[PDB]
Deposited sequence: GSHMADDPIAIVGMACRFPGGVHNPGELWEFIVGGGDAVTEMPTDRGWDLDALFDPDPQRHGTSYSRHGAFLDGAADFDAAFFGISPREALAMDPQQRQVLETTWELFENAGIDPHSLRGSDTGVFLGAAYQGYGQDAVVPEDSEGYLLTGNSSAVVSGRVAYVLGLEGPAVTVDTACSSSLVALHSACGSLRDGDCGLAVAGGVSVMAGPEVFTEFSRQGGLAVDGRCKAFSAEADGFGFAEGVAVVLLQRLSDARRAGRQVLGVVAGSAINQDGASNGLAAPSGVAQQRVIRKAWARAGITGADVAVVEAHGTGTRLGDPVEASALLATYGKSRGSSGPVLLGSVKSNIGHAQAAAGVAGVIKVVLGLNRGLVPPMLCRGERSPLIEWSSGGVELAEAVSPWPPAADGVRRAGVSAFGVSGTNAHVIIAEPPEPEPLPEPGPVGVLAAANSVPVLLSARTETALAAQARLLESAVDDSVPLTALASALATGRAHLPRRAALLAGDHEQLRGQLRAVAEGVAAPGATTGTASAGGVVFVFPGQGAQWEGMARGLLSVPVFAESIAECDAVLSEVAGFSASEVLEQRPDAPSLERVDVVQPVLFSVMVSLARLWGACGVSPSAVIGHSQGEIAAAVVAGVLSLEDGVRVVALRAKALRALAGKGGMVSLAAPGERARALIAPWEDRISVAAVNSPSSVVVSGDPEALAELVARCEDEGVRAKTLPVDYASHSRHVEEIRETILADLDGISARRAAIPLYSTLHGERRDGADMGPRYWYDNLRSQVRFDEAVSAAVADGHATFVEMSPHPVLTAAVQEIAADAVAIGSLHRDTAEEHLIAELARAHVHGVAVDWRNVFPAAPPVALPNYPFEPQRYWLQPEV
């Protein structure tokens, strides 16, 4: 069960911020040595806040810790792993370092509960850490290990590797880490396999170098013609480079035949002798090469060292890029060597590696930082890699499934690349733009709102009927709604030609239910289950089911039989919307105190009266005189009025046999402006809910009174999001569908709930994508140095 590389990250002098930037800094770039403060730019720069570290503790912190800390985050961004997801995993940390003025705090700061080791590199070298990393894994001592090293004599400062003027090494600062994982686990988690650690060996002189080298091969199973390249320890010292050359010559440079001579390189020629980082660096250099199918070159100076016996077989330097030939078995391979001054030697063999965003047309691409400064910087860093090789699903799935979700968040909804450059450019300056919502994460539960009539439209949620979770419940309604009413909800919703009309109350209302409880199930799917439900008129029967109070068989019987018994009030009644408080409301209908009821108080600015048609006409006439906005509603029945008393006897007889039962979830009854247990919500409740007033902003006030501050509305159109904001200023209201934008509004609202801190299961929203290259977090750098 091979060990798979699945991430890489690195930092080296001369401005090498990532594995990608090291390759373009090698092929044709890089001699990063010069004077004092090869040195890391901003090695004292650390983002203490980002990790939760005090300024007092961060200069009490070895810059080696700090720099590993950031670039281990980088590693995780690069493997597409949410660091937060790893808190409390069995995740090894294997690093190497030595005093100059450690895995324990990295594994702490990051909440990792795997083994943390810090191999002393004054003794060993970075390849020992990888050797141990790979041992944990195949032993089961963990399920994902970080492996690398960090570091905070030739007189020109340069390592002249395998060159006649090699006269001592130049010592460089640097970080270099990779992320590892048993292969069958890597693809089971759908990970980018960048390559395999085929074989590894360590021991403790030219004979020893040969033995560890044939030792490696023994564990990989390979021979030395099966490798094409060697990343050598090449430190540039007078007798050092002869020894290793001899021992590659004895080893790689024989038994090749049809396979041509091995190519020799030491990255230290380019970056310097990264002490505790140069080993894994050496690995990173190799890995970049295996995927490009190219031999990384070396920076050669002067001629070959004459102290070396190049004639003795096939091993010559790699000065310029070249194609990487596979081994006879078609696996491109390399070998990496590193030798501590202690006497520790190691050689390792790197072998090449073997919902329904449907329904809408935009895609939510998500960003998140810990400070608005960095969100704006993340926002610029993302014009960068938009357009060809990268679709938008692929890109967006990377940013939602791979990134940790931080405080200040941002969701750009796009359906083409060019539109999305503009949105990110906008957030680059805190400027608004279409599809571009910025926000700030706020934990806590979510309250699901179930409005009543007034939302509906012909063809609502027709797009969702192809979404397997939405259709599945629309099917379950169907079975009973045909049972009580001899029609299905899918008829009406597919708009079948012979389907009953949404103009009928006893049709539209059950159609609304099924849409409403299925949007609930749909949001469940996308990872969002409610912590409390607020119903509105008929809405409450949907609430009653989401909250467990009634079976869906019973909840159908109710909105059906009650809306069918409701037909008798059609053509005799009406309703009227008023923008005035409920106080001024009952002032204004006082002249027609009979005939006209107050049917619902929705918010300090919204009231619905219901009653007799002529009386409503004289009422609105008054309203316009007294200059208050009013609006006759498109109904011909006065719901929540003396009119309903007519059907009380029958309602109670049709609903007889229902089973109300204790609410699985807090339900705030709008009959009562108050949480009611649920076991009493039987026949008489559905009478008394229809006859009496909907105390909406009483329950929204009761819930808000209890800390709830996130509401999500299961409605084909947003009708009470305005109301909730008017009750609770500081609340946040989300709807689902929307006549005009049908399903596009929905994924947008999904994005927007996330942005405010709702926990969305993006892992099921998005299909499986190819990998894509996203920049790293822009750390805010405050310099700590003593």
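K.L.:
Please report every deposited-sequence interval that has no C-alpha in the structure, sorted by position.
P.N.:
In sequence order, the gaps with no modelled C-alpha are 1-6, 44-69, 134-156, 208-222, 275-284, 435-445, 878-881.
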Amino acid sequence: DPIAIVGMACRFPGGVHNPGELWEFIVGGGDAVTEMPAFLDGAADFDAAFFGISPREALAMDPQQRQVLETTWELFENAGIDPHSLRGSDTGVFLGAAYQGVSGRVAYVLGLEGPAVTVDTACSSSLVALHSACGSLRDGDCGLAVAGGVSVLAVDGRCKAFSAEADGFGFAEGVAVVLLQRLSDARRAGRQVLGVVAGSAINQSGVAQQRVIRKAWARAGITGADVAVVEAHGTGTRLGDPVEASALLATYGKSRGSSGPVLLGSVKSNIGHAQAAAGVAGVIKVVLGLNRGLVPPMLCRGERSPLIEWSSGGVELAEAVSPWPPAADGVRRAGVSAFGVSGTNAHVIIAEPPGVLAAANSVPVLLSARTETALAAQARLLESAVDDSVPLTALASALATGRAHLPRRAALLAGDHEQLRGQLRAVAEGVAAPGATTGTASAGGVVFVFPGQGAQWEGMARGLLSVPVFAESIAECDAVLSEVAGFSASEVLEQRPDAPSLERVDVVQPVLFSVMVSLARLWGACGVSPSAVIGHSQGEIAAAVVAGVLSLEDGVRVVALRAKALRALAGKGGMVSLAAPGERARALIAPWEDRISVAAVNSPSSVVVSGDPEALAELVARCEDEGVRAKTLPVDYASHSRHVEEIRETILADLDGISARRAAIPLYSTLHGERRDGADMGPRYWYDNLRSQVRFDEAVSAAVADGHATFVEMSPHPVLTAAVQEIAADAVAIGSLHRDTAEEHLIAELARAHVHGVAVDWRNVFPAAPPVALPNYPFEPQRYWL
From here on, numbers count along this sequence of modelled residues.
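K.L.:
Going by the mean C-alpha B-factor recorded in the entry, which is higher: 633-641 or 264-272?
P.N.:
Comparing 633-641 with 264-272, the higher mean C-alpha B-factor belongs to 264-272.
K.L.:
Which of the two stretches, 21-29 or 771-779, shows the higher mean Cα temperature factor in the record?
P.N.:
Mean CA B-factor is higher for 21-29.
K.L.:
Between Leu671, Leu561, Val546, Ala432, which one tops the list for C-alpha B-factor in the PDB entry?
P.N.:
It is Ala432.
K.L.:
In the PDB entry, which of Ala621, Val348, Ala116, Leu299 has its C-alpha at the highest B-factor?
P.N.:
That would be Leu299.
K.L.:
Quick one: classify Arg586 as lowest, middle or highest third of the chain based on its Cα B-factor.
P.N.:
It falls in the middle third of the chain.
K.L.:
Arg66's Cα B-factor: lowest, middle or highest third of the chain?
P.N.:
For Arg66, whose C-alpha B-factor we compare with every modelled residue in the chain, the answer is the highest third.
K.L.:
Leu481: which third of its chain by C-alpha temperature factor?
P.N.:
It falls in the bottom third of the chain.
K.L.:
Which third, lowest, middle or highest, does the C-alpha temperature factor of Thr34 belong to within its own chain?
P.N.:
Highest third.
K.L.:
Could you tell me which third, lowest, middle or highest, the C-alpha B-factor of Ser736 occupies within its chain?
P.N.:
For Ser736, whose C-alpha B-factor we compare with every modelled residue in the chain, the answer is the lowest third.
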